[PDB]
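One file, final24.cif, is given below (mmCIF, C-alpha atoms).
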data_work
#
loop_
_atom_site.group_PDB
_atom_site.id
_atom_site.type_symbol
_atom_site.label_atom_id
_atom_site.label_comp_id
_atom_site.auth_asym_id
_atom_site.auth_seq_id
_atom_site.Cartn_x
_atom_site.Cartn_y
_atom_site.Cartn_z
ATOM 1 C CA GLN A 88 46.469 -113.124 141.318
ATOM 2 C CA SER A 89 47.099 -115.855 138.780
ATOM 3 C CA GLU A 90 50.707 -114.675 139.068
ATOM 4 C CA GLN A 91 50.481 -115.524 142.752
ATOM 5 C CA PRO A 92 51.042 -119.247 141.891
ATOM 6 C CA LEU A 93 54.278 -118.034 140.260
ATOM 7 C CA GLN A 94 57.691 -118.145 141.885
ATOM 8 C CA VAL A 95 60.230 -115.795 143.451
ATOM 9 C CA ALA A 96 63.107 -117.362 141.405
ATOM 10 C CA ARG A 97 66.431 -116.251 142.932
ATOM 11 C CA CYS A 98 69.281 -115.965 140.426
ATOM 12 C CA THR A 99 72.738 -117.494 140.796
ATOM 13 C CA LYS A 100 76.001 -118.420 139.049
ATOM 14 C CA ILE A 101 77.166 -121.878 137.938
ATOM 15 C CA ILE A 102 80.659 -123.237 138.517
ATOM 16 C CA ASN A 103 80.608 -126.609 136.751
ATOM 17 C CA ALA A 104 78.644 -129.750 135.937
ATOM 18 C CA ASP A 105 79.212 -133.387 136.836
ATOM 19 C CA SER A 106 79.325 -136.587 134.827
ATOM 20 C CA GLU A 107 76.713 -139.285 133.946
ATOM 21 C CA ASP A 108 74.039 -137.066 135.517
ATOM 22 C CA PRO A 109 73.281 -133.338 135.719
ATOM 23 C CA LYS A 110 74.422 -132.850 139.374
ATOM 24 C CA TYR A 111 75.050 -129.140 139.039
ATOM 25 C CA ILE A 112 77.165 -126.935 141.296
ATOM 26 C CA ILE A 113 76.220 -123.330 142.036
ATOM 27 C CA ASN A 114 77.554 -120.321 143.909
ATOM 28 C CA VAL A 115 74.508 -118.191 144.655
ATOM 29 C CA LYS A 116 76.093 -114.811 145.207
ATOM 30 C CA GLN A 117 76.926 -114.491 148.873
ATOM 31 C CA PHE A 118 75.115 -117.236 150.778
ATOM 32 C CA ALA A 119 76.981 -120.440 150.109
ATOM 33 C CA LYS A 120 77.705 -122.909 147.364
ATOM 34 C CA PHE A 121 75.212 -125.718 146.786
ATOM 35 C CA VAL A 122 75.050 -128.856 144.680
ATOM 36 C CA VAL A 123 71.694 -128.902 142.913
ATOM 37 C CA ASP A 124 69.557 -130.671 140.328
ATOM 38 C CA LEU A 125 67.579 -129.310 137.391
ATOM 39 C CA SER A 126 63.794 -129.164 137.284
ATOM 40 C CA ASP A 127 61.741 -130.942 134.634
ATOM 41 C CA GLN A 128 60.873 -127.884 132.518
ATOM 42 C CA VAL A 129 64.475 -127.244 131.464
ATOM 43 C CA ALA A 130 66.699 -128.319 128.620
ATOM 44 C CA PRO A 131 69.674 -130.418 129.786
ATOM 45 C CA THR A 132 72.007 -128.659 127.339
ATOM 46 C CA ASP A 133 71.994 -124.890 127.831
ATOM 47 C CA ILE A 134 73.013 -124.994 131.507
ATOM 48 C CA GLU A 135 76.724 -124.560 130.774
ATOM 49 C CA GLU A 136 79.306 -123.089 133.118
ATOM 50 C CA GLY A 137 79.410 -119.464 134.214
ATOM 51 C CA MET A 138 75.746 -118.893 133.467
ATOM 52 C CA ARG A 139 73.344 -116.772 135.497
ATOM 53 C CA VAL A 140 70.367 -119.047 136.073
ATOM 54 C CA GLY A 141 67.226 -118.616 138.139
ATOM 55 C CA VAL A 142 67.111 -121.079 141.012
ATOM 56 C CA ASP A 143 64.211 -122.102 143.254
ATOM 57 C CA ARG A 144 64.334 -120.699 146.772
ATOM 58 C CA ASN A 145 62.925 -123.775 148.507
ATOM 59 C CA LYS A 146 64.258 -126.835 146.686
ATOM 60 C CA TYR A 147 67.257 -125.128 144.989
ATOM 61 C CA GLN A 148 66.635 -126.127 141.397
ATOM 62 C CA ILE A 149 67.585 -124.443 138.144
ATOM 63 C CA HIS A 150 64.828 -123.088 135.923
ATOM 64 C CA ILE A 151 65.914 -120.558 133.280
ATOM 65 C CA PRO A 152 69.312 -119.496 131.920
ATOM 66 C CA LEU A 153 69.663 -115.771 131.325
ATOM 67 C CA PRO A 154 72.081 -113.177 129.884
ATOM 68 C CA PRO A 155 75.081 -112.484 132.121
ATOM 69 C CA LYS A 156 75.952 -109.501 134.283
ATOM 70 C CA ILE A 157 76.408 -106.338 132.229
ATOM 71 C CA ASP A 158 77.630 -103.852 134.933
ATOM 72 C CA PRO A 159 74.705 -101.374 134.612
ATOM 73 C CA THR A 160 76.977 -98.287 134.507
ATOM 74 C CA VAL A 161 77.946 -99.582 131.035
ATOM 75 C CA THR A 162 74.341 -100.122 130.023
ATOM 76 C CA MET A 163 73.868 -96.347 129.842
ATOM 77 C CA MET A 164 76.275 -95.806 126.958
ATOM 78 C CA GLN A 165 74.289 -97.549 124.278
ATOM 79 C CA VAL A 166 72.771 -94.673 122.358
ATOM 80 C CA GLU A 167 69.068 -95.826 122.425
ATOM 81 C CA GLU A 168 68.099 -92.913 120.128
ATOM 82 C CA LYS A 169 69.226 -91.333 116.859
ATOM 83 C CA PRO A 170 70.485 -87.733 116.892
ATOM 84 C CA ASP A 171 69.416 -86.059 113.668
ATOM 85 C CA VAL A 172 72.554 -85.251 111.668
ATOM 86 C CA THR A 173 72.459 -85.671 107.894
ATOM 87 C CA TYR A 174 75.357 -86.300 105.486
ATOM 88 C CA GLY B 148 90.972 -128.271 152.678
ATOM 89 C CA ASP B 149 88.683 -130.515 150.627
ATOM 90 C CA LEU B 150 85.269 -129.836 149.153
ATOM 91 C CA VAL B 151 82.707 -132.347 150.387
ATOM 92 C CA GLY B 152 78.974 -132.585 149.931
ATOM 93 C CA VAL B 153 77.269 -132.103 153.283
ATOM 94 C CA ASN B 154 73.604 -132.448 154.206
ATOM 95 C CA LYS B 155 72.019 -129.178 155.271
ATOM 96 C CA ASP B 156 70.137 -130.317 158.355
ATOM 97 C CA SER B 157 72.149 -133.314 159.531
ATOM 98 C CA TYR B 158 75.518 -131.678 158.738
ATOM 99 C CA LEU B 159 76.837 -135.036 157.595
ATOM 100 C CA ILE B 160 79.439 -135.617 154.902
ATOM 101 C CA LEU B 161 77.951 -137.263 151.825
ATOM 102 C CA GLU B 162 80.151 -136.925 148.720
ATOM 103 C CA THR B 163 83.549 -135.649 147.595
ATOM 104 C CA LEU B 164 83.697 -132.785 145.142
ATOM 105 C CA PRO B 165 86.508 -132.444 142.542
ATOM 106 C CA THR B 166 88.149 -128.990 142.706
ATOM 107 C CA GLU B 167 87.930 -125.318 143.676
ATOM 108 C CA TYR B 168 88.225 -123.725 140.234
ATOM 109 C CA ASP B 169 87.037 -120.271 139.218
ATOM 110 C CA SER B 170 84.637 -119.779 136.337
ATOM 111 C CA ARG B 171 87.060 -117.300 134.792
ATOM 112 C CA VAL B 172 89.807 -119.933 134.842
ATOM 113 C CA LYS B 173 87.407 -122.303 133.072
ATOM 114 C CA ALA B 174 86.717 -119.485 130.615
ATOM 115 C CA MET B 175 90.452 -119.225 129.905
ATOM 116 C CA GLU B 176 90.495 -122.741 128.417
ATOM 117 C CA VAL B 177 91.061 -122.875 124.666
ATOM 118 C CA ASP B 178 88.279 -124.808 122.948
ATOM 119 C CA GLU B 179 87.807 -123.140 119.553
ATOM 120 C CA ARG B 180 90.994 -124.826 118.214
ATOM 121 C CA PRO B 181 91.971 -122.284 115.515
ATOM 122 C CA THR B 182 93.678 -123.184 112.244
ATOM 123 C CA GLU B 183 96.974 -121.577 111.291
ATOM 124 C CA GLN B 184 99.556 -123.989 109.928
ATOM 125 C CA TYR B 185 103.256 -123.130 109.818
ATOM 126 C CA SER B 186 103.083 -122.300 106.105
ATOM 127 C CA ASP B 187 100.966 -119.268 107.036
ATOM 128 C CA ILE B 188 104.029 -117.600 108.589
ATOM 129 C CA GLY B 189 106.721 -116.561 106.126
ATOM 130 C CA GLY B 190 110.227 -115.304 106.728
ATOM 131 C CA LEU B 191 110.593 -116.492 110.329
ATOM 132 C CA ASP B 192 111.632 -120.106 109.849
ATOM 133 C CA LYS B 193 114.600 -120.146 112.234
ATOM 134 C CA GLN B 194 112.495 -118.832 115.102
ATOM 135 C CA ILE B 195 109.846 -121.449 114.284
ATOM 136 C CA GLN B 196 112.553 -124.126 114.441
ATOM 137 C CA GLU B 197 113.806 -122.789 117.771
ATOM 138 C CA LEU B 198 110.290 -122.651 119.221
ATOM 139 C CA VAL B 199 109.285 -126.142 118.072
ATOM 140 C CA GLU B 200 112.597 -127.733 119.103
ATOM 141 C CA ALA B 201 112.227 -125.957 122.460
ATOM 142 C CA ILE B 202 108.602 -126.793 123.297
ATOM 143 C CA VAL B 203 106.964 -129.408 121.064
ATOM 144 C CA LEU B 204 109.660 -132.044 121.594
ATOM 145 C CA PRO B 205 109.481 -131.945 125.428
ATOM 146 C CA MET B 206 105.802 -132.663 124.813
ATOM 147 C CA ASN B 207 106.610 -135.603 122.521
ATOM 148 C CA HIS B 208 110.027 -137.229 123.029
ATOM 149 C CA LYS B 209 111.029 -136.958 126.671
ATOM 150 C CA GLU B 210 113.341 -139.983 126.615
ATOM 151 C CA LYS B 211 115.488 -138.262 123.982
ATOM 152 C CA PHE B 212 116.338 -135.678 126.642
ATOM 153 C CA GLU B 213 117.057 -138.045 129.510
ATOM 154 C CA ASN B 214 119.224 -140.324 127.387
ATOM 155 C CA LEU B 215 121.423 -137.278 127.028
ATOM 156 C CA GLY B 216 120.190 -136.468 130.532
ATOM 157 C CA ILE B 217 120.048 -132.742 131.170
ATOM 158 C CA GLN B 218 116.722 -130.801 131.687
ATOM 159 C CA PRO B 219 113.918 -129.598 129.448
ATOM 160 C CA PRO B 220 114.080 -125.815 129.002
#

So that I can check it, write out the structure of this file as structure tokens.
Amino acid sequence: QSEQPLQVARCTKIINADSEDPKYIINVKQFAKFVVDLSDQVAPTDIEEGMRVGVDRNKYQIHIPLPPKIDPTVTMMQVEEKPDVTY
Amino acid sequence: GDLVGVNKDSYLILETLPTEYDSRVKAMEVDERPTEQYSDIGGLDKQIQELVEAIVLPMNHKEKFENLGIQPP
């Protein structure tokens, strides 16, 4: 219930930045493409292009950059264990 | 066919956006700038001459073509 003041945080994809200011441009995934601004708890550097970032649902603002899309049918071929075979 | 910034509620044109470019196309840009000078390739000097005289000089001396006046390849 202290996680109830947390946020839904919809994730997106960034096309490019603009000059003299952040003024970031985002394709969400299906909805539309919006021009946004960053929130205050971000770093103005690691918001580069082609970067899956979590964006506010109400005010449309970028919060956290994340690892990209990994195509989860490719996630299941890392071994995650060690089969016991000795030299 | 231009990108413009439009208000959500008013539906009124506000700004003018640069281009419609894919993120993969932006990813195709070369920014590492590798280092391999022409002395690293041995035994292919004539092909290096042909390549440089074909490409690097249209990038550098265009008037030298049009004084002779033909076409760049």

Neighbouring residues of residue 167 in chain B were defined as those with any atom within 10 Å, considering all atoms listed in the file; residues of the same chain fewer than 6 positions away were excluded. Please report them as a PDB file with C-alpha atoms, in the frame of the given file.
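As written to disk, selection_5.pdb reads:
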ATOM      1  CA  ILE A 102      80.659-123.237 138.517  1.00  0.00           C
TER       2      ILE A 102
ATOM      3  CA  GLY B 148      90.972-128.271 152.678  1.00  0.00           C
ATOM      4  CA  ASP B 149      88.683-130.515 150.627  1.00  0.00           C
ATOM      5  CA  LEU B 150      85.269-129.836 149.153  1.00  0.00           C
TER       6      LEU B 150
END

Got a sec to pull out which chain B residues are within 10 Å of chain A, counting all atoms listed in the file, and send them as a count of residues only? 13

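The residue that comes closest to residue 130 in chain A, out of A:169, A:97, A:116, A:150 and on the basis of all atoms listed in the file, is A:150.
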
Using only C-alpha atoms, the best pick from B:220, B:175, B:191, B:157 as closest to residue 205 in chain B would be B:220

Return as AutoDock Vina command-line options the centre and edge lengths, in Å with one decimal, of the box along x, y and z that encloses every atom of range 170-174 of chain B in the file, padded by 8 Å per side.
--center_x 87.2 --center_y -119.8 --center_z 133.5 --size_x 21.2 --size_y 21.0 --size_z 21.7

Please provide as a PyMOL selection string all residues within 6 Å of residue 142 in chain A, with the sequence filter that same-chain residues fewer than 4 positions apart are discarded (counting all atoms listed in the file). chain A and resi 96-98+147-150

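Matched in the shown structure by the PyMOL selection byres ((chain A and resi 140) around 6): residues 98, 99, 138, 139, 141, 151, 152 and 153 of chain A.
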
Calculated over only C-alpha atoms, which of the candidates A:111, A:117, A:162, A:93 has the smallest distance to residue 135 in chain A?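 Going through A:111, A:117, A:162, A:93 one by one, the smallest distance to residue 135 in chain A is for A:111.
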
Which distance in Å separates CA of residue 109 in chain A and CA of residue 132 in chain A, to one decimal?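 Distance reported for this atom pair: 9.7 Å.
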
One number please: CA of residue 124 in chain A to CA of residue 176 in chain B, in Å, one decimal. 25.4 Å

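Reported to one decimal place, the separation of CA of residue 184 in chain B from CA of residue 219 in chain B is 24.9 Å.
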